[PDB]
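Containing mmCIF, C-alpha atoms: data_26.cif.
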```cif
data_model
loop_
_atom_site.group_PDB
_atom_site.id
_atom_site.type_symbol
_atom_site.label_atom_id
_atom_site.label_comp_id
_atom_site.auth_asym_id
_atom_site.auth_seq_id
_atom_site.Cartn_x
_atom_site.Cartn_y
_atom_site.Cartn_z
ATOM 1 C CA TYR A 132 0.000 0.000 0.000
ATOM 2 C CA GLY A 133 3.114 2.175 0.351
ATOM 3 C CA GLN A 134 3.449 1.749 -3.425
ATOM 4 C CA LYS A 135 1.077 4.643 -4.068
ATOM 5 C CA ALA A 136 -1.957 3.001 -5.740
ATOM 6 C CA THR A 137 -3.444 -0.251 -4.316
ATOM 7 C CA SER A 138 -6.677 1.499 -3.277
ATOM 8 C CA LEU A 139 -7.424 1.386 0.471
ATOM 9 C CA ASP A 140 -10.618 -0.565 -0.359
ATOM 10 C CA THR A 141 -8.373 -3.613 -1.022
ATOM 11 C CA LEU A 142 -6.072 -3.092 1.968
ATOM 12 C CA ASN A 143 -9.130 -3.013 4.207
ATOM 13 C CA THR A 144 -10.249 -6.360 2.826
ATOM 14 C CA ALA A 145 -6.918 -7.708 4.015
ATOM 15 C CA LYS A 146 -6.986 -5.969 7.492
ATOM 16 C CA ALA A 147 -10.499 -6.926 8.595
ATOM 17 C CA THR A 148 -10.322 -10.215 6.688
ATOM 18 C CA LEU A 149 -7.137 -11.043 8.575
ATOM 19 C CA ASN A 150 -8.761 -10.390 11.906
ATOM 20 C CA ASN A 151 -11.757 -12.414 10.823
ATOM 21 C CA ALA A 152 -9.446 -15.318 9.892
ATOM 22 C CA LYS A 153 -7.477 -15.062 13.161
ATOM 23 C CA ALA A 154 -10.588 -14.753 15.292
ATOM 24 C CA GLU A 155 -12.413 -17.535 13.441
ATOM 25 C CA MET A 156 -9.491 -19.651 14.486
ATOM 26 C CA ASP A 157 -9.778 -18.552 18.144
ATOM 27 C CA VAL A 158 -13.417 -19.683 18.145
ATOM 28 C CA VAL A 159 -12.145 -23.143 17.098
ATOM 29 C CA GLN A 160 -9.700 -23.073 19.974
ATOM 30 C CA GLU A 161 -12.376 -22.449 22.551
ATOM 31 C CA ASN A 162 -14.267 -25.222 20.815
ATOM 32 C CA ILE A 163 -11.244 -27.550 21.086
ATOM 33 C CA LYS A 164 -11.283 -26.716 24.767
ATOM 34 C CA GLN A 165 -15.010 -27.277 25.341
ATOM 35 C CA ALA A 166 -14.636 -30.629 23.590
ATOM 36 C CA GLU A 167 -11.572 -31.728 25.617
ATOM 37 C CA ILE A 168 -13.425 -30.589 28.750
ATOM 38 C CA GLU A 169 -16.767 -32.232 28.059
ATOM 39 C CA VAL A 170 -14.816 -35.385 27.055
ATOM 40 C CA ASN A 171 -12.942 -35.620 30.324
ATOM 41 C CA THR A 172 -16.229 -35.040 32.153
ATOM 42 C CA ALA A 173 -17.584 -37.692 29.790
ATOM 43 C CA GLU A 174 -15.092 -40.137 31.218
ATOM 44 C CA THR A 175 -15.637 -38.810 34.735
ATOM 45 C CA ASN A 176 -19.212 -39.838 34.462
ATOM 46 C CA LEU A 177 -17.468 -43.127 33.879
ATOM 47 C CA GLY A 178 -15.923 -43.177 37.330
ATOM 48 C CA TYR A 179 -18.592 -45.720 38.110
ATOM 49 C CA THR A 180 -16.938 -48.920 36.958
ATOM 50 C CA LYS A 181 -16.160 -50.654 40.287
ATOM 51 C CA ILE A 182 -18.093 -48.409 42.665
ATOM 52 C CA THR A 183 -14.798 -48.387 44.661
ATOM 53 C CA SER A 184 -14.970 -49.299 48.388
ATOM 54 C CA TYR B 132 -7.548 11.119 -4.849
ATOM 55 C CA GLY B 133 -6.937 13.039 -1.610
ATOM 56 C CA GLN B 134 -9.677 10.821 -0.151
ATOM 57 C CA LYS B 135 -7.183 8.061 0.609
ATOM 58 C CA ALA B 136 -8.261 5.181 -1.682
ATOM 59 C CA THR B 137 -9.126 5.847 -5.374
ATOM 60 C CA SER B 138 -6.089 3.883 -6.601
ATOM 61 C CA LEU B 139 -3.595 5.917 -8.665
ATOM 62 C CA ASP B 140 -4.314 3.565 -11.606
ATOM 63 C CA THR B 141 -7.671 5.390 -12.015
ATOM 64 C CA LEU B 142 -6.304 8.902 -11.470
ATOM 65 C CA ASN B 143 -3.764 8.254 -14.208
ATOM 66 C CA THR B 144 -6.552 7.304 -16.593
ATOM 67 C CA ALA B 145 -7.975 10.751 -15.943
ATOM 68 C CA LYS B 146 -4.595 12.653 -16.228
ATOM 69 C CA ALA B 147 -3.315 11.155 -19.482
ATOM 70 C CA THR B 148 -6.855 10.746 -20.818
ATOM 71 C CA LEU B 149 -7.431 14.442 -20.190
ATOM 72 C CA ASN B 150 -4.339 15.404 -22.105
ATOM 73 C CA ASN B 151 -5.336 13.038 -24.871
ATOM 74 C CA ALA B 152 -8.781 14.694 -25.033
ATOM 75 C CA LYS B 153 -7.307 18.224 -24.984
ATOM 76 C CA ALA B 154 -4.653 17.413 -27.556
ATOM 77 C CA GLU B 155 -7.078 15.521 -29.801
ATOM 78 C CA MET B 156 -8.979 18.760 -29.862
ATOM 79 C CA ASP B 157 -5.857 20.778 -30.788
ATOM 80 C CA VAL B 158 -5.330 18.487 -33.787
ATOM 81 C CA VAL B 159 -8.860 19.465 -34.916
ATOM 82 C CA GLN B 160 -7.931 23.105 -34.540
ATOM 83 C CA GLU B 161 -4.939 22.827 -36.814
ATOM 84 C CA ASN B 162 -7.264 20.966 -39.140
ATOM 85 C CA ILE B 163 -9.825 23.802 -38.966
ATOM 86 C CA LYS B 164 -6.965 26.069 -39.928
ATOM 87 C CA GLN B 165 -5.655 23.973 -42.831
ATOM 88 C CA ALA B 166 -9.214 23.821 -44.151
ATOM 89 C CA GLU B 167 -9.851 27.591 -43.838
ATOM 90 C CA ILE B 168 -6.456 28.146 -45.485
ATOM 91 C CA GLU B 169 -6.820 25.715 -48.366
ATOM 92 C CA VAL B 170 -10.354 27.127 -48.888
ATOM 93 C CA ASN B 171 -9.190 30.703 -49.229
ATOM 94 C CA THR B 172 -6.468 29.501 -51.603
ATOM 95 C CA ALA B 173 -9.287 27.564 -53.262
ATOM 96 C CA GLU B 174 -11.027 30.836 -53.965
ATOM 97 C CA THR B 175 -7.739 32.525 -54.838
ATOM 98 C CA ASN B 176 -7.331 30.071 -57.617
ATOM 99 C CA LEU B 177 -10.626 31.654 -58.530
ATOM 100 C CA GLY B 178 -9.101 35.079 -59.023
ATOM 101 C CA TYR B 179 -9.436 34.320 -62.698
ATOM 102 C CA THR B 180 -12.986 35.434 -63.373
ATOM 103 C CA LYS B 181 -12.438 38.626 -65.425
ATOM 104 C CA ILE B 182 -8.704 38.362 -66.066
ATOM 105 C CA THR B 183 -8.657 42.015 -64.841
ATOM 106 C CA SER B 184 -6.945 44.621 -67.083
#
```
Rewritten as structure tokens:
Amino acid sequence: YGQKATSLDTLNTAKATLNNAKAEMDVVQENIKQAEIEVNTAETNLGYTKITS
Amino acid sequence: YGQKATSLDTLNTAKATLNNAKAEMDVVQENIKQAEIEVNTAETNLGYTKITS
């Protein structure tokens, strides 16, 4: 964009459509979490396999 | 173009394609001339209409 032309309208694509990419990846982190979590709790509702004394 | 975006590639259209308009009008001036000229000479080869004494 320092090369005079490349209209801001196509830099702005890149800016906001970088942050959207980045953030749409964060969402899939928090989802990775929630799935790891709810899976450990889904084996911790499987504590009950001897009913330990 | 002072309004940040409007890529130089579309300002340059306007610049050079102003000068081309302007200049393509000059050409038609010099043509207007050459036609006015060659028409007066085309009536001055019509001096010969009495062969004046």
Residue members of the PyMOL selection byres ((chain B) within 7 of (chain A)) in the file shown, as a PyMOL selection string: chain B and resi 135-140
Suppose you want the space between CA of residue 161 (chain A) and CA of residue 146 (chain A); what is it in Å?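 Interatomic distance here is 23.0 Å.
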Length of the CA of residue 143 (chain B) to CA of residue 133 (chain A) vector [Å]: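 Straight-line distance from CA of residue 143 (chain B) to CA of residue 133 (chain A) works out to 17.2 Å.
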In Å, with one decimal, what is the gap from CA of residue 156 (chain B) to CA of residue 144 (chain B)? 17.7 Å
